[PDB]
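Only one chain is shown below, in structure tokens, and it's the form deposited in one PDB entry.
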């Protein structure tokens, strides 16, 4: 049918009042299937054994079941990365869907770990699963949270750094959904530029 779009209030209502959809034995299907990955760079193990597929889901209710479980069981320590990517896109630059891409980046201060990290990450996840960028949601690959002593980072990765209209729409809506004051500028950088380098390619 048409793209399955859910707004923030609808998704939030499914957490405590989910499972009452009119089909799918009550589950609300998502537009896309998503995979959650965990990474921690531990030099004692291989890179392969450091990247872990945690879980895949494709309904609102299964997203919340995973969210609730992670909220109870998972490591929030420096050096952890968590990534939510569309099924079939590995959470790495070399994936065919990421090689030409880039990311909208949010950088937090340490004071913002207690005030803002959880709420900004949740808002990011809802933008993803809810297809909040209308047709330009198709350019979204995934999102990454890096937990770091120097300051945590959240990013939305998109497929094509030269798709100006898609990339800028995603950034504007993401900023709006995060609720950031206008004066707090966020930037988009291609993955190629992040490999070796406010002055970003696009700013909103």
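Positions refer to the first chain, counted from 1. Shifts are known only where both forms have a C-alpha. Whichever C-alpha set is largest while still superposing within 1.5 Å between the two forms counts as the rigid core.
Form deposited in another entry: not shown, discussed below.
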| query | finding |
| --- | --- |
| Rigid core superposition, residue 44 Cα moves 2 angstroms or more between this form and the one not shown | yes |
| Rigid-core frame, C-alpha of residue 74, shift of 2 angstroms or more between this form and the one not shown | yes |
| Inter-Cα distance between residue 147 and residue 73 in the other entry, nearer or further [3 Å or more] | closer |
| Change in CA distance between residue 76 and residue 72 in the other entry, which is 3 Å or more, as closer or farther | closer |
| Residue ranges moving between this form and the one not shown (criterion: at least three consecutive CA positions shifted 2 angstroms or more, core aligned) | 43 to 49, 71 to 75 |
